[PDB]
Amino acid sequence: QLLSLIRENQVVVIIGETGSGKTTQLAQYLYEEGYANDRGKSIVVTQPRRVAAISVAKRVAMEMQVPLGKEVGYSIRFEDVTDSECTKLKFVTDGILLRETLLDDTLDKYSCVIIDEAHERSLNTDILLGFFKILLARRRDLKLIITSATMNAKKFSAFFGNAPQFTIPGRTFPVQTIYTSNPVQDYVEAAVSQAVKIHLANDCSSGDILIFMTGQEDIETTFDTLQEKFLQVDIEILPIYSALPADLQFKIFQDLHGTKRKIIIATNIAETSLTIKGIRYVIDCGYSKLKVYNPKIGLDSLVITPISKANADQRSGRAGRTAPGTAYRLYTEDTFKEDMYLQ
RNA sequence: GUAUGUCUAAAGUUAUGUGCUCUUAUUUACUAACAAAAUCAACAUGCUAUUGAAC
Ligand SMILES: [Mg+2]
């Protein structure tokens with residue numbers, strides 16, 4: 001059905017769920033369907049992250065059983081791994097593709113483009129949405145695929161001429177959601193309070209916790225606070241933030257014992273840049289440190305602001321990866337309904 | 001300078017048609033005509049500034 005829908009439409013929007021495995025599969029499906037060869041020239045897939053493009057290129061090259069660069073390859077800033085100019089499947093950053101549109105606007109070395117993780121709505125992504133909407137007039141033969149999340153698939157479709165959505169199920173577990181019955185006074189203090197409750201109202205085995213927080217200084221004060229509560233009354237408590245040195249970032253992926261509980265206290269890095277196994281519990285504070293440019297003053301502001309409904313759901317879907325789970329939201333339903341914007 | 005005013009008790013009918021017992025003001029406290037032109041006695045012996053999420 002996928003490889004037929006792309007035959008009968010030049011543009012497709014795809015809701016791929018977490019357990020669809022979309023990113024590795026569809027690229028192979030379309031190459032095997034034939035476009036990627038000298039018939040059409042290469043496939044490109046954009047990513048927003050450098051490390052994503054390389055990791056999925058390694059995975060798909062190994063699923064295709066080829067040395068990376070030779071038929072599956074990648075091209076990112078500082079690093080082009082394509083052993084032939086005619087490398088048939090090419091994973092890239094959206095910025096690299098955008099750079100190439102300047103030197104060849106028709107992109108004639110490519111038959112198909114996949115915009116992966118386009119729900120992240122990067123500057124390069126958003127630009128390429130307009131650029132492709134115009135360029136596909138200038139090339140009927142250029143096939144275009146846009147990945148989407150459920151908040152925006154209709155919106156993406158309508159922009160792209162109301163062209164068809166396709167929704168794939170994924171192998172994802174249910175997460176129970178719990179709003180707080182009131183606004184919290186200080187979310188840091190509720191976060192440690194609920195962390196001890198989930199940790200010790202259950203016995204300490206077989207279910208790890210992720211806690212979302214707004215920044216390093218806030219986060220570092222939290223570990224200190226939570227260790228003491230155990231010593232008053234086993235638990236392993238770990239940080240993650242982008243400024244954290246990579247050796248200490250890496251150890252969070254390594255295992256924990258039976259009877260002991262892992263708990264992870266995190267920035268928005270754990271929404272999307274990093275993926276953790278065995279988390280069954282989430283605590284969401286409902287705020288984030290969003291950069292907004294004020295053009296009148298010419299001034300960036302890093303504001304602790306309410307998150308979006310989409311972002312809340314993304315935090316909620318961190319539990320439910322490995323097994324059924326729970327998300328506790330430090331805010332009300334009505335604040336999610338009105339005070340949080342949708343996208 | 002603790003306003004002041006009015007009322008009534010009248011007369012019956014004026015002849016016709018003792019216990020108990022609190023109290024360190026625990027008071028429903030009351031009056032304003034009186035006076036108001038308040039400043040010597042001030043003030044310590046030497047002046048400060050601080051931390052961002054993520055790609
Ligand atoms: Mg007088």
Side-chain angles (χ1 to χ4, degrees), chain A residues 23 45-57 74-79 91-100 115-129 147 149 152 184 186-188 190-191 210-225 238-250 252-253 264-276 282-294 297-318 329-331 339-341 343:
Chain A
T23 294
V45 184
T46 68
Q47 297 298 340
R49 272 171 298 292
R50 287 182 76 259
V51 299
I54 302 190
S55 303
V56 308
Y74 67 85
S75 314
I76 70 164
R77 190 172 65 178
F78 328 117
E79 199 166 293
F91 295 90
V92 306
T93 53
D94 50 21
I96 278 292
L97 200 174
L98 184 53
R99 157 70 75 155
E100 299 329 313
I115 312 181
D116 204 12
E117 321 304 17
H119 61 275
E120 301 193 33
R121 297 298 305 277
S122 90
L123 75 177
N124 312 313
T125 293
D126 287 17
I127 291 158
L128 293 176
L129 308 189
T147 60
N152 321 302
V184 165
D186 186 349
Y187 70 82
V188 183
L210 178 65
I211 301 95
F212 282 102
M213 283 190 164
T214 68
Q216 174 185 6
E217 302 189 342
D218 160 25
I219 280 170
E220 284 169 353
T221 306
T222 307
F223 302 105
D224 176 40
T225 306
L238 300 96
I240 188 57
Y241 54 88
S242 83
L244 188 68
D247 315 76
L248 186 50
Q249 298 184 325
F250 176 72
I252 83 182
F253 300 126
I264 306 190
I265 294 158
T267 66
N268 55 62
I269 199 172
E271 297 173 359
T272 54
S273 300
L274 303 173
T275 294
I276 308 99
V282 157
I283 298 166
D284 180 18
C285 297
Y287 288 77
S288 183
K289 183 44 59 149
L290 273 155
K291 190 158 287 169
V292 179
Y293 196 60
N294 189 298
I297 316 195
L299 173 49
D300 296 280
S301 302
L302 275 172
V303 177
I304 179 160
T305 179
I307 68 182
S308 70
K309 303 188 203 183
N311 188 167
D313 297 342
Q314 180 57 22
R315 290 180 178 191
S316 307
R318 305 295 73 196
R329 289 178 173 205
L330 304 191
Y331 51 94
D339 305 31
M340 299 183 180
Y341 290 106
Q343 199 185 3

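Note: hydrogens, waters and symmetry copies are ignored here, and every other heavy atom, side chains too, is used. In what follows, chains are A, B, ... by sequence order, proteins preceding strands, each numbered from 1.
Within the 4.0 angstrom heavy-atom criterion, only backbone atoms of the sugar-phosphate kind lie near A:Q216; the bases stay farther away. At the heavy-atom level, A:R49 lies under 4.0 Å from the strands shown only through sugar-phosphate atoms. Across all strands shown, A:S273 has heavy atoms under 4.0 Å from sugar-phosphate atoms exclusively, and none from any base.
Nucleotides B:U16 and B:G12 have their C1' atoms positioned 22 Å apart, rounded to a whole Å. Comparing the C1' positions of B:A35 and B:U4 gives a spacing of 26 Å, expressed to the nearest Å. Rounded to whole Å, the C1' atom of B:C34 lies 31 Å from the corresponding atom of B:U6. Taking atom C1' on both B:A32 and B:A36, the two are 14 Å apart, rounded to the nearest angstrom. Taking atom P on both nucleotides, B:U24 is separated from B:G19 by 24 Å, rounded to a whole Å. Separation of the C1' atoms belonging to B:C7 and B:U2 is 25 Å when rounded to the nearest angstrom.
Heavy-atom neighbours of A:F250 CZ from other residues, nucleotides or ligands within 6.0 Å: at or below the threshold of 12.
Sugar pucker at B:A9: north, on the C3'-endo side, as the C1'-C2'-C3'-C4' dihedral is above zero. Sugar pucker of B:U50: south, since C1'-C2'-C3'-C4' comes out negative. Nucleotide B:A37 carries a south-puckered sugar, as indicated by a negative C1'-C2'-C3'-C4' torsion. Sugar pucker of B:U8 is north, as judged by a positive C1'-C2'-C3'-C4' dihedral. Evaluation of the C1'-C2'-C3'-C4' torsion of B:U31 gives a positive value and hence a north sugar.
Distance CD1 (A:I219) to P (B:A53): 8 Å, rounded to an integer number of Å. Atom CG of A:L274 is separated from atom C1' of B:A54 by 11 Å (rounded to the nearest Å). Separating the CD atom of A:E217 from the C1' atom of B:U50 is a distance of 12 Å, rounded to the nearest angstrom. In this structure, A:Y287 atom OH and B:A53 atom P are separated by 18 Å, rounded to whole Å. Between the CD1 atom of A:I240 and the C1' atom of B:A54 there is a distance of 12 Å, given to the nearest Å. Rounded to an integer number of Å, the gap from CD of A:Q47 to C1' of B:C55 is 14 Å. With rounding to whole Å, A:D300 atom CG is found 14 Å from B:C55 atom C1'. Protein atom CG of A:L302 is 16 Å distant from nucleotide atom P of B:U51, rounded to whole Å.
Between the side chains of A:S55 and A:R49, no donor N or O sits under 3.5 Å from an acceptor N or O. A side-chain donor-acceptor contact under 3.5 Å links A:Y187 and A:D218.
Of all the residues in residues 303-318 of chain A, not one reaches under 4.0 Å from RNA chain B with any non-hydrogen atom.
Taking 4.5 Å as the limit, some side-chain heavy atom of A:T46 sits within range of a side-chain heavy atom of A:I115. Side-chain contact check for A:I219 versus A:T267: some heavy-atom pair is nearer than 4.5 Å.
Taking A:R318 as the reference, nothing meets the side chain to side chain donor-acceptor pair (under 3.5 Å) condition, with sequence neighbours excluded. With sequence neighbours left out, A:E220 forms a salt bridge (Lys or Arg N to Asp or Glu O under 4.0 Å) with no residue at all.
Checked options A:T125, A:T23, A:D116; the residue passing with A:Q47 is A:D116 (criterion: side-chain hydrogen bond (donor to acceptor under 3.5 Å, both in side chains)).
Nearest approach of A:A190 to A:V184, heavy atoms of both residues: CB-CG1, 3.6 Å.
With hydrogens and angles ignored, no donor-acceptor pair closer than 3.5 Å exists between the side chain of A:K289 and the base of B:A54. Residue A:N268 places no side-chain atom within donor-acceptor reach of the base of B:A54, judged by atom type and a 3.5 Å distance cut-off alone.
Listed pair A:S288 / B:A53 fails the phosphate criterion, with no side-chain N or O lying under 4.0 Å from OP1 or OP2.
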